[PDB]
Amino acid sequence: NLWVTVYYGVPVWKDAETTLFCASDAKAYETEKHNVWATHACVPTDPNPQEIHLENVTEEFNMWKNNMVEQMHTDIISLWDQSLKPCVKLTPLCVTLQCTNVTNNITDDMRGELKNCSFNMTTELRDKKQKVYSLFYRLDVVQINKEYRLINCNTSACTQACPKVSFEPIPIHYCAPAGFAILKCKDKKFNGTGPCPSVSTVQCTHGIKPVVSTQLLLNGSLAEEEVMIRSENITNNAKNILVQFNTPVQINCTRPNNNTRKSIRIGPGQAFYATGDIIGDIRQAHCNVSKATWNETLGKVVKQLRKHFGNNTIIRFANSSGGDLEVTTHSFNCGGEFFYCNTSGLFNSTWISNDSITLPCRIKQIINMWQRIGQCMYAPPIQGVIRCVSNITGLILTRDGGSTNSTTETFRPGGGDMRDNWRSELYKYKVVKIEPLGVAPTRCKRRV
């Protein structure tokens, strides 16, 4: 004698994919700073968090199949483009350039690194001449024959970045629609997959900074109580390893040259910002890292790889295997200037079981972001000297070699994907759909 009773509002959820919506704080919203990740879209965020802890609850996570990371990738790309739409398009810059080396005050380290180029142009009127010049970096010009052209001419014409917009990452919060929930894993020992005994639910995620980097994760969130190593198929060789630090390593970067701007007029109401001329002497850009606090950190990373790779295996670190400058170098931008720096000084050692390091960097102004083809961007020059300081919170590593069962392991820096930079933040979160109807047996009957 048992009859079906139907309940509405039961706490049951199921894995699902849905379109999250962005939220942001009001500091930039109140004054219209116009960041690339503009607040015009994201709604004002809640005045305070409303997280709820769930006792007795166990849930199965997987950081590597998360739909959140894919939905963040597309939106970051889309928000980037819509910011570049109104800006002037530098189609008239594809002419023949006549360039000569700058010889005034040059450090031997960068003989012939930037050039003094001149070319014909029109003024604000269609039918009047104008001859202009500008300094260009050697990576942006390719010889055609002492005649050159910009690297991008034979593929596409790309848009100058509007001077009043900024690339600085402001945190953006990802909040779930009605009928859905976000489960956050609070386990300190989590390895990115398997059950999480300390689940809790939150209205929506913490502030995430959309930083762009390679071979090193900058301005991120630190692990707790121990360095963490996350990989899905650790015994592979085509699977990257994500390392998260428990204490930052500080990196300082600078571009000592004192550059000067020059606003050229090309067409009605359009301007081109040339590099003018440099005050002082030309020197190499570089970044600094502490020799003591960096090899005190590699000693903590190795002691975790010793777990996955034997108690007496001899580890080894080496520089990038090769490829394009965007993948073999620690790329980033600070102060609106794009850096491509040589990390061969850091990944060089063997572990057998002040003297701050300097990394020389090269600058560029023709930018191909998101690994797309046929679409670049031109970075206007920045007045004065620029400097920046940032945390280092993680590495992207790629193993190689299978010649022996276990004698040594050689690790090199990665950079073959961009979602890796955001799987380091969205690893605690997952989205679930709520199914509130349930039927259970109990002794009851419909009277009458």
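From 1 onward, residues are counted along the sequence shown.
Student: Relative to the other compared entries, is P49 without coordinates in a third or more of them?
Tutor: Yes; at least one third of the other entries leave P49 out.
Student: Answer yes if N405 is missing coordinates in at least a third of the other compared entries, and no if every one of them models it.
Tutor: Counting only entries that model residues on both sides, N405 is unresolved in at least a third of them.
Student: Unmodelled residues of the deposited sequence between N145 and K146: none, 1 to 3, 4 to 9, or 10 or more?
Tutor: Gap between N145 and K146: 10 or more residues without coordinates.
Student: Count of coordinate-less deposited residues separating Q82 and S83, as none, 1 to 3, 4 to 9, or 10 or more?
Tutor: Nothing is missing between them.
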